[PDB]
């Protein structure tokens, strides 16, 4: 079935926070240990969206948020301004329904339209299902940083994947229009 996506709003933060909490506690996708409060998630949302990045939710048939995704900086240093990193979190019962693919497709398309040139995924635990999702969307595995995380009493590998966006490295970005305007001072 076609996923139902829309941009996230403030009113989604409670559900976002719950989804992320489950991931923090039970998964390896995030290397955070203590679930952030809704207030903290809301600050993060404010910052990401204030920087012009897309932040979207997936909805079930009744309109409830069952997953979310956003792009943000890999690192917010000037020279990295044309690079984005994707983050995707599905509630357990939203998995296996093509919703990850839809969220990632949305991020890829949005960031293409906005003028970013490369997208990186930093995959906690190097989980094969997350690697495969990204591969499905045209990311290529760039490397595996072994034993870089420690969570749930285990050493974790961290996979790095990358996809070009739009013109990629082929052209110079247009001066003075977003996202060239990020991180300038």
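Residue numbers count along the first chain shown, from 1.
When the two stretches 160-168 and 20-28 are set side by side, the higher mean Cα temperature factor goes to 20-28. Taking the PDB entry as given, 56-64 carries the higher mean Cα B factor of the two stretches 56-64 and 33-41.
Residue-level temperature factors show residue 72 in the lowest third of its chain, judged at the C-alpha atom.
When the CA B factors of the chain's modelled residues are split into thirds, the value for residue 135 lands in the middle one. The PDB entry assigns residue 149 a C-alpha temperature factor belonging to the lowest third of its chain's modelled residues. Among all modelled residues in this chain, the alpha-carbon of residue 104 has a temperature factor (C-alpha) in the lowest third. For residue 88, the recorded CA B-factor ranks within the middle third of the chain. Only modelled residues enter the ranking.
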